[PDB]
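Trainee: What follows is structure.pdb, PDB, C-alpha atoms and all ligand atoms.
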```pdb
MODEL        1
ATOM      1  CA  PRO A  33     100.083  79.241  78.145
ATOM      2  CA  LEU A  34      98.739  79.335  81.720
ATOM      3  CA  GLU A  35      99.406  75.875  83.251
ATOM      4  CA  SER A  36     102.796  75.826  81.481
ATOM      5  CA  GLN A  37     104.078  79.138  82.871
ATOM      6  CA  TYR A  38     102.889  78.587  86.475
ATOM      7  CA  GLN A  39     103.001  75.566  88.768
ATOM      8  CA  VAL A  40     100.003  75.283  91.110
ATOM      9  CA  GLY A  41     100.540  74.367  94.767
ATOM     10  CA  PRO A  42      98.057  73.923  97.677
ATOM     11  CA  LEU A  43      94.734  75.787  97.820
ATOM     12  CA  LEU A  44      95.119  78.934 100.039
ATOM     13  CA  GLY A  45      91.422  80.039 100.363
ATOM     14  CA  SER A  46      87.949  80.013  98.907
ATOM     15  CA  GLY A  47      84.557  81.629  99.429
ATOM     16  CA  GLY A  48      82.506  84.404  97.866
ATOM     17  CA  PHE A  49      85.565  85.763  95.991
ATOM     18  CA  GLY A  50      86.434  82.360  94.408
ATOM     19  CA  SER A  51      89.547  80.197  94.941
ATOM     20  CA  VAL A  52      93.171  81.116  95.602
ATOM     21  CA  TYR A  53      96.161  78.752  95.224
ATOM     22  CA  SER A  54      99.822  78.908  96.093
ATOM     23  CA  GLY A  55     101.918  79.079  92.984
ATOM     24  CA  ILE A  56     105.427  79.200  91.632
ATOM     25  CA  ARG A  57     106.494  80.950  88.470
ATOM     26  CA  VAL A  58     108.803  78.763  86.468
ATOM     27  CA  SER A  59     110.630  81.626  84.844
ATOM     28  CA  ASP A  60     112.232  82.085  88.242
ATOM     29  CA  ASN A  61     110.828  80.639  91.368
ATOM     30  CA  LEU A  62     108.842  83.670  92.608
ATOM     31  CA  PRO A  63     106.055  82.812  94.939
ATOM     32  CA  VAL A  64     102.707  83.806  93.379
ATOM     33  CA  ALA A  65      99.054  83.471  94.209
ATOM     34  CA  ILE A  66      96.667  82.133  91.560
ATOM     35  CA  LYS A  67      93.145  83.586  91.853
ATOM     36  CA  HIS A  68      90.235  81.935  90.058
ATOM     37  CA  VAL A  69      87.067  83.952  89.645
ATOM     38  CA  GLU A  70      84.096  82.444  87.860
ATOM     39  CA  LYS A  71      82.427  84.559  85.136
ATOM     40  CA  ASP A  72      78.960  83.705  86.476
ATOM     41  CA  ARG A  73      79.654  85.366  89.794
ATOM     42  CA  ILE A  74      81.076  88.639  88.453
ATOM     43  CA  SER A  75      78.489  91.374  89.077
ATOM     44  CA  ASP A  76      80.772  94.169  87.962
ATOM     45  CA  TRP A  77      82.796  94.445  84.750
ATOM     46  CA  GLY A  78      85.084  97.131  83.366
ATOM     47  CA  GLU A  79      87.317  97.691  80.365
ATOM     48  CA  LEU A  80      91.098  98.233  80.076
ATOM     49  CA  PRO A  81      92.938 100.846  77.928
ATOM     50  CA  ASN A  82      93.007  98.531  74.847
ATOM     51  CA  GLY A  83      89.326  98.078  75.592
ATOM     52  CA  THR A  84      88.701  94.417  76.505
ATOM     53  CA  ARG A  85      85.794  93.390  78.733
ATOM     54  CA  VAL A  86      87.303  92.376  82.130
ATOM     55  CA  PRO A  87      86.170  92.001  85.781
ATOM     56  CA  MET A  88      86.393  95.285  87.694
ATOM     57  CA  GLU A  89      89.003  93.799  90.075
ATOM     58  CA  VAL A  90      91.396  93.549  87.103
ATOM     59  CA  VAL A  91      90.779  97.164  86.048
ATOM     60  CA  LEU A  92      91.391  98.281  89.658
ATOM     61  CA  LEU A  93      94.395  96.008  90.291
ATOM     62  CA  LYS A  94      95.957  97.429  87.109
ATOM     63  CA  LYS A  95      95.531 101.050  88.218
ATOM     64  CA  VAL A  96      97.315 100.423  91.542
ATOM     65  CA  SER A  97      99.931  97.888  90.415
ATOM     66  CA  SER A  98     102.439 100.416  89.104
ATOM     67  CA  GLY A  99     105.543 100.914  91.246
ATOM     68  CA  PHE A 100     105.906  99.813  94.858
ATOM     69  CA  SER A 101     103.264 100.140  97.620
ATOM     70  CA  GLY A 102     101.279  98.321 100.307
ATOM     71  CA  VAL A 103      99.040  96.754  97.658
ATOM     72  CA  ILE A 104      99.711  93.236  96.351
ATOM     73  CA  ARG A 105     100.390  93.584  92.607
ATOM     74  CA  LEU A 106      98.620  91.933  89.673
ATOM     75  CA  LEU A 107     101.495  90.227  87.811
ATOM     76  CA  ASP A 108      99.359  88.874  84.985
ATOM     77  CA  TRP A 109      95.874  87.595  84.257
ATOM     78  CA  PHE A 110      94.255  85.075  81.909
ATOM     79  CA  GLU A 111      90.779  84.464  80.581
ATOM     80  CA  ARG A 112      89.129  81.008  80.336
ATOM     81  CA  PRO A 113      85.709  80.026  79.108
ATOM     82  CA  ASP A 114      83.927  80.238  82.514
ATOM     83  CA  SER A 115      86.473  81.921  84.751
ATOM     84  CA  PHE A 116      89.203  84.593  84.946
ATOM     85  CA  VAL A 117      92.548  83.671  86.445
ATOM     86  CA  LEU A 118      94.728  86.230  88.190
ATOM     87  CA  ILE A 119      98.404  85.872  89.050
ATOM     88  CA  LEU A 120      99.400  88.002  92.074
ATOM     89  CA  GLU A 121     102.464  88.522  94.314
ATOM     90  CA  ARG A 122     102.850  86.135  97.277
ATOM     91  CA  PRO A 123     104.996  87.138 100.281
ATOM     92  CA  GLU A 124     106.860  84.245 101.870
ATOM     93  CA  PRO A 125     106.219  83.547 104.799
ATOM     94  CA  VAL A 126     102.866  85.296 105.046
ATOM     95  CA  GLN A 127      99.888  85.450 107.405
ATOM     96  CA  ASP A 128      96.729  87.488 107.160
ATOM     97  CA  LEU A 129      95.913  90.022 109.863
ATOM     98  CA  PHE A 130      92.808  88.140 110.942
ATOM     99  CA  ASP A 131      94.767  85.044 111.978
ATOM    100  CA  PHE A 132      97.510  87.216 113.403
ATOM    101  CA  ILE A 133      95.065  88.984 115.763
ATOM    102  CA  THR A 134      93.228  85.691 116.378
ATOM    103  CA  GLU A 135      96.585  84.193 117.513
ATOM    104  CA  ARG A 136      97.936  87.011 119.743
ATOM    105  CA  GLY A 137      94.655  88.570 120.955
ATOM    106  CA  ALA A 138      94.746  92.383 121.057
ATOM    107  CA  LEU A 139      97.901  94.025 119.610
ATOM    108  CA  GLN A 140     100.341  96.220 121.463
ATOM    109  CA  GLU A 141      99.762  99.856 120.609
ATOM    110  CA  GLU A 142     103.207 100.210 119.096
ATOM    111  CA  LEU A 143     102.493  97.276 116.771
ATOM    112  CA  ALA A 144      98.997  98.562 115.915
ATOM    113  CA  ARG A 145     100.406 102.043 115.146
ATOM    114  CA  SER A 146     102.899 100.535 112.732
ATOM    115  CA  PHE A 147     100.334  98.339 111.011
ATOM    116  CA  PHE A 148      97.609 100.992 110.925
ATOM    117  CA  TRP A 149     100.023 103.521 109.430
ATOM    118  CA  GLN A 150     100.997 101.092 106.670
ATOM    119  CA  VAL A 151      97.298 100.560 105.947
ATOM    120  CA  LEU A 152      96.867 104.297 105.710
ATOM    121  CA  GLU A 153      99.713 104.528 103.205
ATOM    122  CA  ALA A 154      98.159 101.704 101.117
ATOM    123  CA  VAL A 155      94.695 103.264 101.077
ATOM    124  CA  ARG A 156      96.185 106.656 100.135
ATOM    125  CA  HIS A 157      98.012 105.032  97.256
ATOM    126  CA  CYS A 158      94.759 103.440  96.010
ATOM    127  CA  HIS A 159      92.740 106.671  96.474
ATOM    128  CA  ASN A 160      95.554 108.283  94.510
ATOM    129  CA  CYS A 161      95.384 105.823  91.637
ATOM    130  CA  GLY A 162      91.613 106.521  91.480
ATOM    131  CA  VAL A 163      90.725 103.204  93.169
ATOM    132  CA  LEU A 164      88.547 102.629  96.226
ATOM    133  CA  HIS A 165      88.866  99.146  97.889
ATOM    134  CA  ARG A 166      85.561  99.246  99.864
ATOM    135  CA  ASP A 167      86.307  96.239 102.082
ATOM    136  CA  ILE A 168      89.298  97.146 104.264
ATOM    137  CA  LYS A 169      89.438  94.634 107.104
ATOM    138  CA  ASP A 170      91.880  92.367 108.906
ATOM    139  CA  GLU A 171      91.347  89.510 106.477
ATOM    140  CA  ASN A 172      92.156  91.616 103.408
ATOM    141  CA  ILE A 173      95.536  92.491 104.890
ATOM    142  CA  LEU A 174      98.500  90.181 104.425
ATOM    143  CA  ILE A 175     101.594  90.509 106.600
ATOM    144  CA  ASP A 176     104.960  89.700 105.144
ATOM    145  CA  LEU A 177     106.254  88.168 108.397
ATOM    146  CA  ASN A 178     109.949  88.884 107.612
ATOM    147  CA  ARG A 179     109.967  92.510 106.489
ATOM    148  CA  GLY A 180     107.005  93.524 108.677
ATOM    149  CA  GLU A 181     105.298  94.860 105.534
ATOM    150  CA  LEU A 182     101.493  94.873 105.290
ATOM    151  CA  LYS A 183      99.709  94.337 101.928
ATOM    152  CA  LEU A 184      96.111  94.826 100.690
ATOM    153  CA  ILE A 185      94.559  91.955  98.795
ATOM    154  CA  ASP A 186      91.028  91.724  97.653
ATOM    155  CA  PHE A 187      89.685  94.310  95.173
ATOM    156  CA  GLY A 188      86.605  92.235  94.417
ATOM    157  CA  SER A 189      84.152  94.793  95.911
ATOM    158  CA  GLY A 190      86.270  97.712  94.717
ATOM    159  CA  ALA A 191      85.092 100.617  92.551
ATOM    160  CA  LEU A 192      86.655 103.575  90.789
ATOM    161  CA  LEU A 193      86.930 106.555  93.094
ATOM    162  CA  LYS A 194      84.441 109.309  92.276
ATOM    163  CA  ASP A 195      83.090 112.272  94.256
ATOM    164  CA  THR A 196      79.400 111.505  93.919
ATOM    165  CA  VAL A 197      77.337 109.173  96.100
ATOM    166  CA  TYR A 198      77.629 105.361  96.072
ATOM    167  CA  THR A 199      74.444 103.326  96.254
ATOM    168  CA  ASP A 200      75.861  99.767  96.074
ATOM    169  CA  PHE A 201      77.915  97.944  98.726
ATOM    170  CA  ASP A 202      79.442  94.512  98.748
ATOM    171  CA  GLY A 203      81.905  94.549 101.602
ATOM    172  CA  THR A 204      81.017  93.013 104.954
ATOM    173  CA  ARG A 205      78.060  94.414 106.839
ATOM    174  CA  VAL A 206      79.552  94.661 110.334
ATOM    175  CA  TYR A 207      82.144  96.897 108.632
ATOM    176  CA  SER A 208      79.654  99.162 106.787
ATOM    177  CA  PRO A 209      79.089 102.787 107.925
ATOM    178  CA  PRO A 210      75.866 104.038 109.556
ATOM    179  CA  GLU A 211      74.922 106.127 106.433
ATOM    180  CA  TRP A 212      74.807 102.866 104.458
ATOM    181  CA  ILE A 213      72.706 101.082 107.061
ATOM    182  CA  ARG A 214      70.187 103.959 107.218
ATOM    183  CA  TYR A 215      70.064 105.407 103.706
ATOM    184  CA  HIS A 216      71.648 102.914 101.317
ATOM    185  CA  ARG A 217      74.089 105.655 100.246
ATOM    186  CA  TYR A 218      77.673 106.787 101.137
ATOM    187  CA  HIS A 219      80.723 108.638  99.812
ATOM    188  CA  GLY A 220      84.051 106.749  99.348
ATOM    189  CA  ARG A 221      86.577 108.619 101.504
ATOM    190  CA  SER A 222      84.359 109.008 104.562
ATOM    191  CA  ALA A 223      83.161 105.396 104.370
ATOM    192  CA  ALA A 224      86.790 104.235 104.086
ATOM    193  CA  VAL A 225      87.598 106.233 107.202
ATOM    194  CA  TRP A 226      84.764 104.551 109.057
ATOM    195  CA  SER A 227      86.028 101.069 108.157
ATOM    196  CA  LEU A 228      89.534 102.202 109.136
ATOM    197  CA  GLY A 229      88.095 103.043 112.542
ATOM    198  CA  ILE A 230      86.668  99.501 112.708
ATOM    199  CA  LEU A 231      90.049  98.109 111.697
ATOM    200  CA  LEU A 232      91.830 100.125 114.374
ATOM    201  CA  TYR A 233      89.460  99.097 117.190
ATOM    202  CA  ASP A 234      89.886  95.505 116.099
ATOM    203  CA  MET A 235      93.691  95.739 116.170
ATOM    204  CA  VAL A 236      93.731  97.064 119.732
ATOM    205  CA  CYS A 237      90.711  95.192 121.171
ATOM    206  CA  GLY A 238      90.970  91.720 119.658
ATOM    207  CA  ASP A 239      87.422  92.179 118.402
ATOM    208  CA  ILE A 240      85.218  94.455 116.214
ATOM    209  CA  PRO A 241      83.059  97.080 118.003
ATOM    210  CA  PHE A 242      79.592  96.577 116.464
ATOM    211  CA  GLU A 243      77.652  93.539 115.392
ATOM    212  CA  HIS A 244      74.003  94.500 114.735
ATOM    213  CA  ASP A 245      72.577  97.371 112.783
ATOM    214  CA  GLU A 246      71.280  99.151 115.945
ATOM    215  CA  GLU A 247      74.802  99.127 117.420
ATOM    216  CA  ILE A 248      76.261 100.576 114.189
ATOM    217  CA  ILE A 249      73.530 103.252 114.007
ATOM    218  CA  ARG A 250      73.970 104.059 117.706
ATOM    219  CA  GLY A 251      77.771 104.361 117.213
ATOM    220  CA  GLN A 252      78.683 103.952 120.875
ATOM    221  CA  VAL A 253      82.125 102.462 121.354
ATOM    222  CA  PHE A 254      83.019 100.346 124.371
ATOM    223  CA  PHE A 255      86.557  99.285 125.208
ATOM    224  CA  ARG A 256      86.959  95.779 126.589
ATOM    225  CA  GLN A 257      90.706  96.292 126.762
ATOM    226  CA  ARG A 258      93.121  98.868 128.268
ATOM    227  CA  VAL A 259      93.692 101.397 125.422
ATOM    228  CA  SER A 260      95.374 104.781 125.768
ATOM    229  CA  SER A 261      93.370 107.941 126.202
ATOM    230  CA  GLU A 262      94.576 108.723 122.662
ATOM    231  CA  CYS A 263      93.901 105.698 120.559
ATOM    232  CA  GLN A 264      90.415 105.815 121.936
ATOM    233  CA  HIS A 265      90.073 109.341 120.605
ATOM    234  CA  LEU A 266      91.336 108.500 117.081
ATOM    235  CA  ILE A 267      89.086 105.437 116.935
ATOM    236  CA  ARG A 268      86.106 107.522 118.069
ATOM    237  CA  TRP A 269      86.795 110.255 115.525
ATOM    238  CA  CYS A 270      86.944 107.733 112.621
ATOM    239  CA  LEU A 271      83.665 106.267 113.914
ATOM    240  CA  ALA A 272      81.832 109.615 114.184
ATOM    241  CA  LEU A 273      78.215 109.029 113.066
ATOM    242  CA  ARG A 274      77.988 112.015 110.760
ATOM    243  CA  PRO A 275      80.376 111.447 107.798
ATOM    244  CA  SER A 276      81.554 115.103 107.735
ATOM    245  CA  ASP A 277      82.735 114.721 111.382
ATOM    246  CA  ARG A 278      85.224 112.001 110.405
ATOM    247  CA  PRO A 279      88.864 112.816 109.753
ATOM    248  CA  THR A 280      90.604 112.944 106.388
ATOM    249  CA  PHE A 281      93.566 110.628 105.796
ATOM    250  CA  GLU A 282      95.875 113.499 106.548
ATOM    251  CA  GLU A 283      94.244 114.307 109.843
ATOM    252  CA  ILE A 284      94.438 110.629 110.855
ATOM    253  CA  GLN A 285      98.129 110.579 110.008
ATOM    254  CA  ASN A 286      98.676 113.825 111.961
ATOM    255  CA  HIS A 287      96.878 112.486 114.971
ATOM    256  CA  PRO A 288      98.933 112.582 118.206
ATOM    257  CA  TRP A 289      98.618 108.744 118.409
ATOM    258  CA  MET A 290     100.133 108.320 114.948
ATOM    259  CA  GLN A 291     103.426 110.015 116.039
ATOM    260  CA  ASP A 292     106.783 108.177 115.926
ATOM    261  CA  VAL A 293     105.551 105.175 113.960
ATOM    262  CA  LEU A 294     108.093 102.374 113.598
ATOM    263  CA  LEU A 295     109.542 101.301 110.235
ATOM    264  CA  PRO A 296     108.398  97.873 108.952
ATOM    265  CA  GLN A 297     111.832  96.260 109.452
ATOM    266  CA  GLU A 298     112.097  97.290 113.150
ATOM    267  CA  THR A 299     108.457  96.311 113.557
ATOM    268  CA  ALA A 300     109.340  92.791 112.475
ATOM    269  CA  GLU A 301     112.485  92.721 114.657
ATOM    270  CA  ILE A 302     110.566  93.786 117.790
ATOM    271  CA  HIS A 303     107.201  92.119 117.180
ATOM    272  CA  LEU A 304     107.627  89.281 114.646
ATOM    273  CA  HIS A 305     111.170  87.865 115.197
TER     274      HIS A 305
HETATM  275  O1  LIG B   1      96.734  84.213 100.412
HETATM  276  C1  LIG B   1      95.881  84.900  99.830
HETATM  277  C2  LIG B   1      96.295  85.856  98.774
HETATM  278  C3  LIG B   1      97.713  85.991  98.402
HETATM  279  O2  LIG B   1      98.631  85.251  99.062
HETATM  280  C4  LIG B   1      98.095  86.891  97.413
HETATM  281  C5  LIG B   1      97.150  87.677  96.730
HETATM  282  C6  LIG B   1      95.773  87.610  97.002
HETATM  283  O3  LIG B   1      94.876  88.399  96.309
HETATM  284  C7  LIG B   1      95.287  86.678  98.067
HETATM  285  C8  LIG B   1      93.837  86.538  98.419
HETATM  286  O4  LIG B   1      92.967  87.217  97.830
HETATM  287  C9  LIG B   1      93.430  85.578  99.486
HETATM  288  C10 LIG B   1      92.003  85.408  99.897
HETATM  289  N1  LIG B   1      91.031  86.139  99.279
HETATM  290  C11 LIG B   1      90.500  87.328  99.942
HETATM  291  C12 LIG B   1      89.475  87.031 101.041
HETATM  292  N2  LIG B   1      88.593  88.148 101.288
HETATM  293  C13 LIG B   1      87.296  87.921 101.881
HETATM  294  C14 LIG B   1      86.343  89.027 101.462
HETATM  295  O5  LIG B   1      85.871  89.727 102.621
HETATM  296  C15 LIG B   1      91.698  84.479 100.931
HETATM  297  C16 LIG B   1      92.668  83.712 101.596
HETATM  298  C17 LIG B   1      94.019  83.817 101.263
HETATM  299  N3  LIG B   1      94.945  83.088 101.922
HETATM  300  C18 LIG B   1      95.803  83.818 102.851
HETATM  301  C19 LIG B   1      96.529  82.944 103.851
HETATM  302  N4  LIG B   1      95.706  82.763 105.038
HETATM  303  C20 LIG B   1      96.215  81.913 106.102
HETATM  304  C21 LIG B   1      97.311  82.612 106.892
HETATM  305  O6  LIG B   1      96.670  83.720 107.528
HETATM  306  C22 LIG B   1      94.453  84.761 100.195
HETATM  307  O1  LIG B   2      84.858  89.537 110.856
HETATM  308  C1  LIG B   2      83.787  89.409 111.487
HETATM  309  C2  LIG B   2      82.512  89.196 110.719
HETATM  310  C3  LIG B   2      82.448  89.124 109.210
HETATM  311  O2  LIG B   2      83.566  89.248 108.448
HETATM  312  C4  LIG B   2      81.228  88.925 108.551
HETATM  313  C5  LIG B   2      80.028  88.790 109.249
HETATM  314  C6  LIG B   2      79.986  88.846 110.648
HETATM  315  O3  LIG B   2      78.794  88.713 111.275
HETATM  316  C7  LIG B   2      81.226  89.051 111.470
HETATM  317  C8  LIG B   2      81.201  89.114 112.981
HETATM  318  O4  LIG B   2      80.114  88.999 113.596
HETATM  319  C9  LIG B   2      82.479  89.321 113.755
HETATM  320  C10 LIG B   2      82.521  89.391 115.266
HETATM  321  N1  LIG B   2      81.418  89.298 116.050
HETATM  322  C11 LIG B   2      80.783  90.544 116.481
HETATM  323  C12 LIG B   2      80.582  90.726 117.985
HETATM  324  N2  LIG B   2      81.415  91.781 118.552
HETATM  325  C13 LIG B   2      80.881  92.985 119.172
HETATM  326  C14 LIG B   2      79.767  92.729 120.175
HETATM  327  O5  LIG B   2      78.527  92.987 119.504
HETATM  328  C15 LIG B   2      83.738  89.592 115.910
HETATM  329  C16 LIG B   2      84.938  89.732 115.217
HETATM  330  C17 LIG B   2      85.027  89.680 113.820
HETATM  331  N3  LIG B   2      86.249  89.832 113.242
HETATM  332  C18 LIG B   2      87.414  89.128 113.743
HETATM  333  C19 LIG B   2      88.550  90.040 114.187
HETATM  334  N4  LIG B   2      89.836  89.358 114.231
HETATM  335  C20 LIG B   2      90.276  88.707 115.457
HETATM  336  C21 LIG B   2      89.785  87.263 115.611
HETATM  337  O6  LIG B   2      89.120  87.059 116.867
HETATM  338  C22 LIG B   2      83.775  89.470 113.000
ENDMDL
END
```
Take the structure in the file and write it out as structure tokens.

Mentor:
Amino acid sequence: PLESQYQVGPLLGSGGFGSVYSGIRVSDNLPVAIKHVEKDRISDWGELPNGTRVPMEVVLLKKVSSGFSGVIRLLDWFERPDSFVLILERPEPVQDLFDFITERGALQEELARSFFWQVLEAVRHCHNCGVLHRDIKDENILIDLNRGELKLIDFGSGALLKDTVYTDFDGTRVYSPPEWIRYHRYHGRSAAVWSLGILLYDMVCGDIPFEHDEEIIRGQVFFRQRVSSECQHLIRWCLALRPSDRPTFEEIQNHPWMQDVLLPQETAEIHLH
């Protein structure tokens, strides 16, 4: 039922997470992405309502895929003998935020404020649906080039949101909070806020702030680019060393720098058309 309902196009990516292909649904020609994950490499399983044994990513994608948001939706999934196959939305034309920043260098503040805000909305929606992504970064963000809408993509290192400590981490190191580096333990919200601080610095600086553990643990932030007294403050607050000194989502979104965000459409008009 799988290779009959969907027509595979070119490979889009591959790596730790598996392989992703461009796809068309025959039913009607909606762009889709086809994500192959091999059973052997799944470290983390869950179970759906009806109680089947699936990869966590599927559990998580299902909890966030209801209604609209800034998260790319799971349209359907299939099991095979050595792999799971996931059918997801595909914006058209699309480019990931990594390449986007790579191409234009640092982003104008107005453009960063728009993008960052949309990320905030997406992460809120996930936190809301009891999901924690745990790997927010430029390359897990797709941009729908036409509508100026951002979308989150890879739940592979995700986990259900819970209020107790986490002692496993699979996201990228350079993006991991100092409490992880030092103690091999973190809480979800505050660690998300840290990575959001990394994401924001990246957007405005062209680059990430820290590379090596000692730089992460030190937590000192240098700007290689002109950035407003105020973005610098928000970035620094997100990257506070002590988790409890970081802002909540709400405080981020009420930050002076987050005022008068653009809508995605006008963002595209001004910065993508
Ligand atoms: O295109 C997707 C994609 C999609 O279109 C719809 C849903 C999805 O879940 C994906 C997707 O997961 C994807 C890639 N996997 C995530 C890489 N994460 C690295 C872990 O740190 C890795 C690469 C990838 N290709 C994006 C296109 N990149 C070139 C233009 O920037 C994708
Ligand atoms: O994404 C990584 C990265 C990763 O995903 C996994 C392992 C890694 O070691 C990196 C990484 O080193 C990296 C960058 N280099 C760090 C040096 N910058 C601060 C000076 O210490 C500098 C930038 C960077 N991200 C690219 C940001 N997007 C714009 C493209 O230039 C990375």

Trainee: Within 10 Å of residue 40 in chain A, counting only C-alpha atoms, which residues show up once you throw out same-chain ones fewer than 6 positions away? Write them as a PDB file with C-alpha atoms, in the coordinates of the input, please.

Mentor:
```
ATOM      1  CA  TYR A  53      96.161  78.752  95.224  1.00  0.00           C
ATOM      2  CA  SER A  54      99.822  78.908  96.093  1.00  0.00           C
ATOM      3  CA  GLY A  55     101.918  79.079  92.984  1.00  0.00           C
ATOM      4  CA  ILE A  56     105.427  79.200  91.632  1.00  0.00           C
ATOM      5  CA  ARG A  57     106.494  80.950  88.470  1.00  0.00           C
ATOM      6  CA  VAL A  64     102.707  83.806  93.379  1.00  0.00           C
ATOM      7  CA  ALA A  65      99.054  83.471  94.209  1.00  0.00           C
ATOM      8  CA  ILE A  66      96.667  82.133  91.560  1.00  0.00           C
TER       9      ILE A  66
END
```

Trainee: Interatomic distance between CA of residue 109 in chain A and atom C8 of ligand LIG 1 (chain B)?

Mentor: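 Straight-line distance from CA of residue 109 in chain A to atom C8 of ligand LIG 1 (chain B) works out to 14.3 Å.
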
Trainee: Kindly provide, as a PyMOL selection string, all nucleotide and amino acid residues lying within 6 Å of ligand LIG 2 (chain B), counting only C-alpha atoms and all ligand atoms.

Mentor: chain A and resi 130+133-134+204+206+234+238-243

Trainee: Let me see if you get this right: every residue at most 6 Å from ligand LIG 1 (chain B), counting all atoms listed in the file, written as a short mmCIF file (atom, residue, chain, number, x, y, z; two decimals) with C-alpha atoms, keeping the file's coordinate frame.

Mentor:
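Just written: selection_2.cif:
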```cif
data_model
loop_
_atom_site.label_atom_id
_atom_site.label_comp_id
_atom_site.auth_asym_id
_atom_site.auth_seq_id
_atom_site.Cartn_x
_atom_site.Cartn_y
_atom_site.Cartn_z
CA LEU A 44 95.12 78.93 100.04
CA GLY A 45 91.42 80.04 100.36
CA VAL A 52 93.17 81.12 95.60
CA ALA A 65 99.05 83.47 94.21
CA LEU A 120 99.40 88.00 92.07
CA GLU A 121 102.46 88.52 94.31
CA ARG A 122 102.85 86.14 97.28
CA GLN A 127 99.89 85.45 107.40
CA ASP A 128 96.73 87.49 107.16
CA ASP A 131 94.77 85.04 111.98
CA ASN A 172 92.16 91.62 103.41
CA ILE A 185 94.56 91.96 98.80
CA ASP A 186 91.03 91.72 97.65
#
```

Trainee: Using all atoms listed in the file, which protein or nucleic acid residues come within 10 Å of residue 110 in chain A? Drop anything in the same chain fewer than 5 positions from it, and give the result as a list in words.

Mentor: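 The filter keeps residues 33, 34, 68, 115, 116, 117, 118 and 119 of chain A.
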
Trainee: Can you find the residues with an atom no farther than 8 Å from (96.1, 108.5, 104.3), counting only C-alpha atoms, and report them as a VMD selection string?

Mentor: chain A and resid 152 to 156 280 to 282 284 to 285

Trainee: Where does the PyMOL selection byres (((chain A and resi 175) around 8) and not hetatm) land in this file, that is, which residues does it pick, as a PyMOL selection string?

Mentor: chain A and resi 123+126-129+173-174+176-177+180-183

Trainee: So which residues get picked by the PyMOL selection byres (((chain A and resi 275) around 12) and not hetatm) here, written as a PDB file with C-alpha atoms, in the frame of the given file?

Mentor:
```
ATOM      1  CA  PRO A 209      79.089 102.787 107.925  1.00  0.00           C
ATOM      2  CA  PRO A 210      75.866 104.038 109.556  1.00  0.00           C
ATOM      3  CA  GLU A 211      74.922 106.127 106.433  1.00  0.00           C
ATOM      4  CA  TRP A 212      74.807 102.866 104.458  1.00  0.00           C
ATOM      5  CA  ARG A 217      74.089 105.655 100.246  1.00  0.00           C
ATOM      6  CA  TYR A 218      77.673 106.787 101.137  1.00  0.00           C
ATOM      7  CA  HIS A 219      80.723 108.638  99.812  1.00  0.00           C
ATOM      8  CA  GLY A 220      84.051 106.749  99.348  1.00  0.00           C
ATOM      9  CA  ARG A 221      86.577 108.619 101.504  1.00  0.00           C
ATOM     10  CA  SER A 222      84.359 109.008 104.562  1.00  0.00           C
ATOM     11  CA  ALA A 223      83.161 105.396 104.370  1.00  0.00           C
ATOM     12  CA  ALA A 224      86.790 104.235 104.086  1.00  0.00           C
ATOM     13  CA  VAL A 225      87.598 106.233 107.202  1.00  0.00           C
ATOM     14  CA  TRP A 226      84.764 104.551 109.057  1.00  0.00           C
ATOM     15  CA  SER A 227      86.028 101.069 108.157  1.00  0.00           C
ATOM     16  CA  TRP A 269      86.795 110.255 115.525  1.00  0.00           C
ATOM     17  CA  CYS A 270      86.944 107.733 112.621  1.00  0.00           C
ATOM     18  CA  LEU A 271      83.665 106.267 113.914  1.00  0.00           C
ATOM     19  CA  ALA A 272      81.832 109.615 114.184  1.00  0.00           C
ATOM     20  CA  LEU A 273      78.215 109.029 113.066  1.00  0.00           C
ATOM     21  CA  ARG A 274      77.988 112.015 110.760  1.00  0.00           C
ATOM     22  CA  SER A 276      81.554 115.103 107.735  1.00  0.00           C
ATOM     23  CA  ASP A 277      82.735 114.721 111.382  1.00  0.00           C
ATOM     24  CA  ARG A 278      85.224 112.001 110.405  1.00  0.00           C
ATOM     25  CA  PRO A 279      88.864 112.816 109.753  1.00  0.00           C
ATOM     26  CA  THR A 280      90.604 112.944 106.388  1.00  0.00           C
TER      27      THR A 280
END
```
